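A quick write-up on the structure given underneath.
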Amino acid sequence: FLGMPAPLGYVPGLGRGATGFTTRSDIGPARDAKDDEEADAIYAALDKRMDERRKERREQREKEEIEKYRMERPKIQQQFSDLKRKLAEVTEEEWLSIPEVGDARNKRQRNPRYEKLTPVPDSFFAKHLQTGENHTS
Amino acid sequence: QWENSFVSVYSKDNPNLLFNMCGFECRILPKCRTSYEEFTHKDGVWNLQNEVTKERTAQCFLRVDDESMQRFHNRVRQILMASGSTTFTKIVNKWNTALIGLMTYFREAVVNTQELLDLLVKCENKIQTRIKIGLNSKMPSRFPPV
Amino acid sequence: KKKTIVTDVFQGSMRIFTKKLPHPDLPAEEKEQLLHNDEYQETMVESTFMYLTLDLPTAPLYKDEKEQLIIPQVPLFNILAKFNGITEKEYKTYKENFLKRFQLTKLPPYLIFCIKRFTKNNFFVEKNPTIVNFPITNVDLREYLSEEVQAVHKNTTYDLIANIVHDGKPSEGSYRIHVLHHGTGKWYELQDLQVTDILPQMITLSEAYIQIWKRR
Amino acid sequence: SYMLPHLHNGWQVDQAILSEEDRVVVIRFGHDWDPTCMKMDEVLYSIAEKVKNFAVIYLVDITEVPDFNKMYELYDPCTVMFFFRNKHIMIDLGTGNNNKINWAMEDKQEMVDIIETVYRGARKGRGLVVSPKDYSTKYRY
Amino acid sequence: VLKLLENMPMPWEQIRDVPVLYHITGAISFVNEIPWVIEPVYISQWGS
Amino acid sequence: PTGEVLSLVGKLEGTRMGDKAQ
Amino acid sequence: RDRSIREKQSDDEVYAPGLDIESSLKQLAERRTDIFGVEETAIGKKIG
Amino acid sequence: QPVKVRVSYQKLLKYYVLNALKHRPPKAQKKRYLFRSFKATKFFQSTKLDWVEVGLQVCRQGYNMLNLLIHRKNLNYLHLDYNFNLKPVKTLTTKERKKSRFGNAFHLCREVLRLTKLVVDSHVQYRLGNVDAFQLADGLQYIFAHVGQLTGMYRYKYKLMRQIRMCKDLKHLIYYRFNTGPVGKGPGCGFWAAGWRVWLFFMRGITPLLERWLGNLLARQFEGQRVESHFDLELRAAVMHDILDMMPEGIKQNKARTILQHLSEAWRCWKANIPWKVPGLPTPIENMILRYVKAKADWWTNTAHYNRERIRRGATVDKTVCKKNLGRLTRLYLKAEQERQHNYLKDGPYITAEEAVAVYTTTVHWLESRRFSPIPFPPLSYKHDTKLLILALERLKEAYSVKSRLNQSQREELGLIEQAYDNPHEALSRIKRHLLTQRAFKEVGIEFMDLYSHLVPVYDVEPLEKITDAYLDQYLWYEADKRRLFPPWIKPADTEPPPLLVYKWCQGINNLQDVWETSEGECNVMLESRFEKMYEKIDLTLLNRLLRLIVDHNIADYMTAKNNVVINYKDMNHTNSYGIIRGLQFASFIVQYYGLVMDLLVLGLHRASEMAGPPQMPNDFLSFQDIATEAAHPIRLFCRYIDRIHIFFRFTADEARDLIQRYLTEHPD
Amino acid sequence: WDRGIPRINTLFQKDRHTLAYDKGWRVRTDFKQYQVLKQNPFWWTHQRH
Amino acid sequence: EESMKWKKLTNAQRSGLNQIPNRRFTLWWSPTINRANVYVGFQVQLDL
RNA sequence: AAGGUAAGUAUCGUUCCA
């Protein structure tokens, strides 16, 4: 049920007898069913060394670049910084006295009874052909 | 408003009188001033007639203005986008109705408006592509007109 | 030439007390210590102005529940109430806000009031069409100066001379000018060649953009 | 997004699939901060009350619950999965993938359309239902 | 795949001995060289 | 051969509107 | 009078409890630094 | 040289110039060599080796990599041969076919491996004595000049065509320089270095793409229409986050949904242009909610206008996008209309009494000159009384003549028309009573049909009042045709269809006496404009005064009262007090008549009394009884469509110079 | 038959009498756009008249 | 389906009901649309 | 690369793994 810790012995998934799917080969990881950690760390450190060609310069450039954007287009939270600060002097009871807003429209406009959709009266079918007949003189 | 208006002047310097009357952009060019060996091989070129003298004295070149072309393209667009569940027959009936709505209206001007012809063919191909996609997701390499 | 013919006419000395880092990201105890640090407090920022800026209230944003689309009329003294120690405006910029309080310490012979109508929002520039109710021949500004300076000036009353009114959107504007012919009291409206002796009420009804005064 | 109920660990989502028999469980796997996931986590807001009779919506953050990424292919930014009586209801879209809606849409009627179609096809006892709309294109023109 | 197509043996070169950097498990074998050539000599050789 | 519609621009050399419609 | 009230008494909520909205809002603010916080970072990154 | 190598020369020069122009200085780096770090690592060793051995080694290594990628999900029905061709071991069932598919990156890697395998195998053929050195060079040149034919890599990255075409162009360049004099044509060229380098620049281009895709694929952990979603959810989330943050942590936090509902209600009220003032709300909460509403409204306006710009310019947009954009534009336009109507109410009429008197006296002088008797009220005993009712009912039913399914309001409308057909006398008595004593009308709904250039308003009128309006419209037009109210020049829609109108107008231009003559220096000028915002700028009281001239007071009062009525959208209303309603049944007549108000101001009472001719013998379209009348004024032809006005002058040299001087006097140039 | 802009076949039309009392029909056909939602491609004419 | 046209139907059913004429059209032209010349690609037979 | 998996239940074989 909601708001309960997971059982210690529970299988995280498939415990309900779920069946996974493989839409394509590329997506997902390999099925796959302390030297390894050192090798992985070595390769990750090697890759991280390889990105140091322009890392210190590109990150500084983007840091300076967003700060030029943050002038014309500020952040929303600090756009509401002062009002958020002004929210501090509201009494504890006044937050309890907030009114619950309700809908204005009536039942016959919020929840209409289903509108029956009837066919056109058949007098149209007769009139259409009646208009398509001509005299002789 | 001037910007939404058009003033066309014919004088010793300009031999053409231009105006879009009811969607028909017409250029009247007198025969007397600047013409030679007048013809009839173009179907959207109204020959004029001086009723007092009964002689071919002017020449009215007809054309479909940009407003009408844009309106027809928007009509085809709103036909295509309003096709969530409409049958193929309904879409094609709307297409034919829209086509003859202007084609019987703009008759001779359509010949001289090459961009209108290109737009017509493009929109017809759009309708065909919409139907073909409605049949199957993967568009065919060929597909018969029958 | 710190004082030239135009400097000793419109320029006035101005005092600014500025506090920084009031940012809400700081907790209560950290901000209390920050103001306790004595590093971030009101500072001596006296400088000169060629013209006083006027910041207007935004807008109702909702049709007056009774009279829809009510025209926002604000008295001039509410705007001029910025230039005193009582009120302080937060000219937030970049990461940290800056709370500045303004003060007047030398009234120029003629006081210029520029009005911040046109402002850029996060996306598109708009205008603030807030009408202002302002007199033209009687105003007192003595409350906006420190008494240690108030004794110097025996004339804190200003009379309007010229008024600037703008039309429409920023990209489509047509300026109009209300000029006072000194000696007489005929207020004349000039746009390009217009000449019309208006009454002292059409000056109040229209939305001002730049005002010229005279301390007499 | 934030309004809909959230699931924190692997057991909770399996229980939510199991703790219901007469509705459809519509789970939005992804990251509620994603621009894509936030586009449709408000559509799921605007219809949560409407489909209360035959649908319940839970949200799951795959980082918070890294137990279904490999089995259900949680690598698109946003994913929607429909479950009925502890059975994943496959749905045939215009897209190649027929197990999820891996894109965030915009219209509050079409999602109720899909949910009601899933419920209708699940009461019969199917495993694959067919959507009314075709998503082999975007009908843009 | 680049490092060998860059150092691919040359038409007047019967045997192109190169330094090779290979993984300890034979997973990969890089051509750890750059084919630096005297460019006037290179142009003359291709002229021949 | 393909079903794509070809623009009749440049295809009007020998045709008229009223022809083949009497 | 005694039927709809029982239906709403037995009815189960659809949206989260208010504390859950508060917590989810905190977690969302943790990531979207383009809106919240003062130290901007990546969309999914916690802090930078 | 032939065309197929001339174009090759231009296509080589095009890429050369493009590279020269798009050149940029290299970016400053830190010089982190790659193989040097490998040598530092304990996992690698260095060794002198023959190149062909290296190729045979790398081919096996890449083949093993690709077989591992194939057997990554344990799908044994895909097999890679030693030529890097991926083939099925058995005919593929559709589920397994879709289950075993690889993205463009895998295919590109396989094809570049096939290319390097081809090169290595050619060199092995050379080393095994299977081919000559000349044969080896020719084969290498063929490989590097026909990569597309030999390897289908272009099917997995289209940009490769450039390189493909580039190499072919290079071939042409070398061949025409190679096959010169007594050489002849044949496969005897081995100048491969020209095209060999191109695939290496392609290699340096694609190296990080594959080195990243493989890294994502071959790892323990795998990883894999947005602006209107940007400022709605983020802004609302920020507002709620702040409000809940400063809201006390007590049990009161149960009121989060209340705050969200308050935000939604305020946004709706601004959208509906309805006053929103919560009584018990604190002033800081109210201030923050007002700021939220203002910000979202600014974004809403900007986004709506930007989407409209996208649509009008012809960009590709969705159907739901069009629907939402049309809704937003309807809300914005109706807010602007509320502004304009409220401005008119407080500013009074924008038309001065002086100009109103001038227009009215012009109209009355015209009508007296035409000897026009006023239109009488529809009498109780009218011979054509039912005929007009029949026509009005048929017209009202034409909107439903093509229909398959009907809503409730539609069913009720059809019921009303058919009942009025069943009892014409009582219906016409009701119509007369409405025309005589009804001045208060129910609100008429509004919506908009989007042409993607502008929005055309569609007005829905009360079903019973539609019948009265239609009968009034028919009676007005029939009487205004029986007595010659509208002059011939006003034919927005006459018996002549618009194309025949165009033809008649052109022939009338041609039929003038000396229209195409310029020997003296005279000139024609022709003005085609439209009365801008003619409908909106119709003052109701002035319209009533003008209408009482042609029709009795009661009918004109009914018209101007019908124009003044509450317009109602989905949520918000506004009382129309300054603009004519074009959705009204008789509106056409008003506009037509009101056009008769303005065009004489253009013509003057004199020229108007020459085109229309004497009332005893009115003229037809674009014709004058005498030549002197045509030669007596600049304006020789005039035609007025609903809004469009079309004037055709004829200025002699002297009057043209006079008009130019008069203009330049008030406008220096 | 089927010639003339007001087609000769209109003379023999059944409602020829009542269409004699239909004046200004083209103008109201043009203004039909403001009363009915969907635009009429044949706004410029009317098949009856 | 003409009887269903008037019955009280949720929009889900109506959306999938207006396309019934699109199925008889596909069947009536099946020998042409379902062809090898068009729709180039592999073929699969129905199970039964 | 594609956008072409019908979903099932029946056994038998194998293999890793607990």
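Ordered as shown in the structure tokens, chains take letters A, B, and onward, while each chain numbers its residues from 1 and ligands are numbered from 1 in the order shown.
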>> Tell me as a PyMOL selection string which residues belonging to chain H come within 10 Å of chain C, counting only C-alpha atoms.
In response: chain H and resi 266+269-271+273-277+290-291+293-295+297-299+301-303+335+338-339+342-343
If we count only C-alpha atoms (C1' of nucleotides), what is near segment 93-99 of chain B at a cut-off of 8 Å, once residues fewer than 2 positions away on the same chain are taken out, given as a PDB file with N, CA and C atoms, in the first residue's frame?
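The file below, selection-v5.pdb, is the result:
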ATOM      1  N   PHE B  72      -6.943  30.018 -51.147  1.00  0.00           N
ATOM      2  CA  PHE B  72      -7.146  28.637 -51.574  1.00  0.00           C
ATOM      3  C   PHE B  72      -6.169  27.693 -50.883  1.00  0.00           C
ATOM      4  N   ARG B  75      -7.384  27.148 -47.474  1.00  0.00           N
ATOM      5  CA  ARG B  75      -8.543  26.266 -47.504  1.00  0.00           C
ATOM      6  C   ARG B  75      -8.120  24.807 -47.620  1.00  0.00           C
ATOM      7  N   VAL B  76      -7.154  24.519 -48.492  1.00  0.00           N
ATOM      8  CA  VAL B  76      -6.652  23.152 -48.606  1.00  0.00           C
ATOM      9  C   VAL B  76      -5.984  22.721 -47.304  1.00  0.00           C
ATOM     10  N   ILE B  79      -8.624  21.907 -44.848  1.00  0.00           N
ATOM     11  CA  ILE B  79      -9.199  20.617 -45.219  1.00  0.00           C
ATOM     12  C   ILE B  79      -8.326  19.489 -44.693  1.00  0.00           C
ATOM     13  N   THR B  89     -13.562   9.902 -48.855  1.00  0.00           N
ATOM     14  CA  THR B  89     -14.551  10.500 -49.740  1.00  0.00           C
ATOM     15  C   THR B  89     -14.907  11.912 -49.297  1.00  0.00           C
ATOM     16  N   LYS B  90     -15.033  12.135 -47.986  1.00  0.00           N
ATOM     17  CA  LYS B  90     -15.346  13.474 -47.496  1.00  0.00           C
ATOM     18  C   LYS B  90     -14.226  14.456 -47.819  1.00  0.00           C
ATOM     19  N   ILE B  91     -12.974  14.038 -47.615  1.00  0.00           N
ATOM     20  CA  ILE B  91     -11.835  14.903 -47.903  1.00  0.00           C
ATOM     21  C   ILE B  91     -11.798  15.256 -49.383  1.00  0.00           C
ATOM     22  N   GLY B 101     -14.698  25.852 -56.764  1.00  0.00           N
ATOM     23  CA  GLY B 101     -15.140  27.120 -56.212  1.00  0.00           C
ATOM     24  C   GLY B 101     -14.419  28.300 -56.827  1.00  0.00           C
ATOM     25  N   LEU B 102     -13.120  28.150 -57.078  1.00  0.00           N
ATOM     26  CA  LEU B 102     -12.354  29.198 -57.733  1.00  0.00           C
ATOM     27  C   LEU B 102     -12.153  28.950 -59.217  1.00  0.00           C
ATOM     28  N   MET B 103     -12.054  27.690 -59.645  1.00  0.00           N
ATOM     29  CA  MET B 103     -11.711  27.439 -61.039  1.00  0.00           C
ATOM     30  C   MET B 103     -12.828  27.873 -61.975  1.00  0.00           C
ATOM     31  N   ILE B 127      -3.250  16.197 -51.025  1.00  0.00           N
ATOM     32  CA  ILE B 127      -4.457  15.407 -50.783  1.00  0.00           C
ATOM     33  C   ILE B 127      -4.185  13.929 -51.041  1.00  0.00           C
TER      34      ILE B 127
ATOM     35  N   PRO I  41     -17.392  28.087 -51.055  1.00  0.00           N
ATOM     36  CA  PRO I  41     -16.592  28.360 -52.258  1.00  0.00           C
ATOM     37  C   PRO I  41     -17.374  29.072 -53.345  1.00  0.00           C
TER      38      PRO I  41
END
Show me, as a short mmCIF file (atom, residue, chain, number, x, y, z; two decimals) with N, CA and C atoms, in the first residue's frame, the residues that have an atom within 6 Å of residue 18 of chain G when counting only C-alpha atoms (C1' of nucleotides), minus same-chain residues fewer than 6 positions from it.
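File written: result.cif
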data_model
loop_
_atom_site.label_atom_id
_atom_site.label_comp_id
_atom_site.auth_asym_id
_atom_site.auth_seq_id
_atom_site.Cartn_x
_atom_site.Cartn_y
_atom_site.Cartn_z
N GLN H 253 -0.91 22.87 5.58
CA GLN H 253 -0.39 22.49 4.27
C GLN H 253 -1.35 21.61 3.49
N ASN H 254 -2.48 21.22 4.10
CA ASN H 254 -3.54 20.57 3.35
C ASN H 254 -4.16 21.50 2.32
N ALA H 256 -2.82 23.11 -0.18
CA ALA H 256 -2.06 23.30 -1.42
C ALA H 256 -2.99 23.31 -2.63
#
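Here atom CA of residue 528 of chain H and atom CA of residue 108 of chain B stand 22.2 Å from one another.
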Taking only C-alpha atoms into account, produce a table as JSON lines in which each residue of chain J with an atom at most 10 Å from an atom of chain D appears once, together with its shortest atom pair and the distance in Å to one decimal, ordered by chain and rising number.
{"residue": "J:10", "atom": "CA", "partner": "D:113", "partner_atom": "CA", "distance": 9.2}
{"residue": "J:11", "atom": "CA", "partner": "D:113", "partner_atom": "CA", "distance": 7.5}
{"residue": "J:12", "atom": "CA", "partner": "D:113", "partner_atom": "CA", "distance": 5.4}
{"residue": "J:13", "atom": "CA", "partner": "D:117", "partner_atom": "CA", "distance": 8.5}
{"residue": "J:14", "atom": "CA", "partner": "D:132", "partner_atom": "CA", "distance": 9.5}
{"residue": "J:15", "atom": "CA", "partner": "D:132", "partner_atom": "CA", "distance": 6.5}
{"residue": "J:16", "atom": "CA", "partner": "D:132", "partner_atom": "CA", "distance": 5.6}
{"residue": "J:17", "atom": "CA", "partner": "D:132", "partner_atom": "CA", "distance": 9.3}
{"residue": "J:19", "atom": "CA", "partner": "D:132", "partner_atom": "CA", "distance": 9.5}
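Straight-line separation from atom CA of residue 5 of chain F to atom CA of residue 20 of chain J: 28.1 Å.
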>> Should the cut-off be 10 Å, what would the residue list for chain K against chain H look like, counting only C-alpha atoms (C1' of nucleotides), as number ranges by chain?
In response: K: 1-2, 4-6
>> At a cut-off of 8 Å, using only C-alpha atoms (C1' of nucleotides), what residues contact segment 26-42 of chain D? Leave out same-chain residues fewer than 4 positions from it and give the result as JSON, numbers by chain.
In response: {"D": [1, 2, 46, 55, 56, 57, 58, 59, 60, 61, 62, 63, 74, 77, 78, 79, 80, 81, 82, 83, 103, 104, 105, 106], "G": [28, 31, 32, 43, 44], "H": [226, 229, 230, 233]}
>> Run DSSP on the backbone and tell me which residues of chain I come out as helix (DSSP H, G or I); list them as a VMD selection string.
In response: chain I and resid 8 to 10 18 to 21 25 to 34
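The neighbours of residue 14 of chain F here are the residues that come within 12 Å of it, using only C-alpha atoms (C1' of nucleotides) and leaving out any residue fewer than 6 positions away in the same chain; they are residues 41, 42 and 43 of chain B; 8 of chain F.
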For the residues in that selection, give me N, CA and C atoms as a PDB file, in the first residue's frame.
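Just written: result_32.pdb:
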ATOM      1  N   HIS B  41      -3.072  33.213 -78.941  1.00  0.00           N
ATOM      2  CA  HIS B  41      -2.586  31.912 -78.492  1.00  0.00           C
ATOM      3  C   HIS B  41      -2.623  31.769 -76.974  1.00  0.00           C
ATOM      4  N   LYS B  42      -2.705  32.875 -76.239  1.00  0.00           N
ATOM      5  CA  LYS B  42      -2.842  32.818 -74.791  1.00  0.00           C
ATOM      6  C   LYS B  42      -4.314  32.937 -74.420  1.00  0.00           C
ATOM      7  N   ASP B  43      -4.791  31.998 -73.602  1.00  0.00           N
ATOM      8  CA  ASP B  43      -6.217  31.863 -73.331  1.00  0.00           C
ATOM      9  C   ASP B  43      -6.719  32.803 -72.247  1.00  0.00           C
TER      10      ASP B  43
ATOM     11  N   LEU F   8       1.179  21.134 -64.882  1.00  0.00           N
ATOM     12  CA  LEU F   8       0.980  21.374 -66.305  1.00  0.00           C
ATOM     13  C   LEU F   8       1.508  22.726 -66.765  1.00  0.00           C
TER      14      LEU F   8
END
> Could you state the separation of atom CA of residue 72 of chain H and atom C1' of residue 14 of chain K in Å, given to one decimal place?
Replying inline: 19.6 Å
Just the residues within 12 Å of residue 23 of chain J, please, counting only C-alpha atoms (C1' of nucleotides), with nothing from its chain fewer than 4 positions along; format it as a PDB file with N, CA and C atoms, in the first residue's frame.
ATOM      1  N   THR B  87     -13.723  10.541 -43.618  1.00  0.00           N
ATOM      2  CA  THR B  87     -13.491   9.541 -44.647  1.00  0.00           C
ATOM      3  C   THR B  87     -12.720  10.145 -45.814  1.00  0.00           C
ATOM      4  N   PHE B  88     -12.083   9.274 -46.594  1.00  0.00           N
ATOM      5  CA  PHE B  88     -11.381   9.726 -47.791  1.00  0.00           C
ATOM      6  C   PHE B  88     -12.339  10.426 -48.743  1.00  0.00           C
ATOM      7  N   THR B  89     -13.562   9.902 -48.855  1.00  0.00           N
ATOM      8  CA  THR B  89     -14.551  10.500 -49.740  1.00  0.00           C
ATOM      9  C   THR B  89     -14.907  11.912 -49.297  1.00  0.00           C
ATOM     10  N   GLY B 134      -3.310   7.637 -45.012  1.00  0.00           N
ATOM     11  CA  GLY B 134      -4.471   7.052 -44.364  1.00  0.00           C
ATOM     12  C   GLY B 134      -4.619   5.571 -44.647  1.00  0.00           C
ATOM     13  N   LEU B 135      -4.241   5.137 -45.848  1.00  0.00           N
ATOM     14  CA  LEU B 135      -4.269   3.716 -46.174  1.00  0.00           C
ATOM     15  C   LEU B 135      -3.213   2.963 -45.377  1.00  0.00           C
ATOM     16  N   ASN B 136      -1.944   3.315 -45.569  1.00  0.00           N
ATOM     17  CA  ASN B 136      -0.845   2.692 -44.849  1.00  0.00           C
ATOM     18  C   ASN B 136       0.191   3.743 -44.479  1.00  0.00           C
TER      19      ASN B 136
ATOM     20  N   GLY J  16     -13.938   6.006 -34.054  1.00  0.00           N
ATOM     21  CA  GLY J  16     -13.711   4.764 -34.760  1.00  0.00           C
ATOM     22  C   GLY J  16     -14.871   4.274 -35.590  1.00  0.00           C
ATOM     23  N   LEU J  17     -15.987   4.998 -35.592  1.00  0.00           N
ATOM     24  CA  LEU J  17     -17.153   4.633 -36.383  1.00  0.00           C
ATOM     25  C   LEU J  17     -17.262   5.423 -37.676  1.00  0.00           C
ATOM     26  N   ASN J  18     -16.762   6.657 -37.700  1.00  0.00           N
ATOM     27  CA  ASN J  18     -16.791   7.450 -38.920  1.00  0.00           C
ATOM     28  C   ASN J  18     -15.838   6.924 -39.983  1.00  0.00           C
ATOM     29  N   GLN J  19     -14.930   6.018 -39.626  1.00  0.00           N
ATOM     30  CA  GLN J  19     -13.960   5.467 -40.561  1.00  0.00           C
ATOM     31  C   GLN J  19     -14.379   4.110 -41.113  1.00  0.00           C
ATOM     32  N   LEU J  27     -10.985  -2.380 -49.006  1.00  0.00           N
ATOM     33  CA  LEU J  27     -11.281  -3.707 -49.538  1.00  0.00           C
ATOM     34  C   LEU J  27     -11.614  -3.647 -51.025  1.00  0.00           C
ATOM     35  N   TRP J  28     -12.415  -2.662 -51.435  1.00  0.00           N
ATOM     36  CA  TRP J  28     -12.845  -2.578 -52.827  1.00  0.00           C
ATOM     37  C   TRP J  28     -11.684  -2.313 -53.777  1.00  0.00           C
ATOM     38  N   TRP J  29     -10.579  -1.758 -53.278  1.00  0.00           N
ATOM     39  CA  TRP J  29      -9.377  -1.544 -54.075  1.00  0.00           C
ATOM     40  C   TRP J  29      -8.206  -2.376 -53.571  1.00  0.00           C
ATOM     41  N   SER J  30      -8.482  -3.416 -52.789  1.00  0.00           N
ATOM     42  CA  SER J  30      -7.409  -4.261 -52.273  1.00  0.00           C
ATOM     43  C   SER J  30      -6.551  -4.909 -53.357  1.00  0.00           C
TER      44      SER J  30
END
>> Quick one: residues within 8 Å of segment 35-40 of chain C, only C-alpha atoms (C1' of nucleotides), excluding same-chain residues fewer than 3 positions away - as a PyMOL selection string?
In response: chain C and resi 19-21+31-32
Would you write out those residues with N, CA and C atoms, as a tab-separated table (two decimals), in the first residue's frame?
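The result, written out as selection.tsv:
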chain	number	residue	atom	x	y	z
C	19	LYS	N	21.89	48.68	0.11
C	19	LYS	CA	22.20	47.43	0.77
C	19	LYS	C	22.13	46.31	-0.26
C	20	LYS	N	22.98	45.29	-0.08
C	20	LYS	CA	23.09	44.22	-1.06
C	20	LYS	C	23.02	42.87	-0.36
C	21	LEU	N	22.87	41.83	-1.18
C	21	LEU	CA	22.67	40.46	-0.73
C	21	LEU	C	21.50	40.28	0.25
C	31	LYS	N	21.69	35.44	6.86
C	31	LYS	CA	21.45	36.85	6.53
C	31	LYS	C	21.60	37.74	7.76
C	32	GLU	N	21.20	37.24	8.93
C	32	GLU	CA	21.39	38.00	10.16
C	32	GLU	C	22.87	38.23	10.44
>> When DSSP is applied to the backbone of this structure, which of chain C are assigned strand (DSSP E or B)? Write them out as a PyMOL selection string.
In response: chain C and resi 12-20+47-49+52-54+73-75+89-90+93+96+98-104+112-115+118-120+125-127+131-133+140+145+157+162-165+176-180+187-190+197-198+210-212
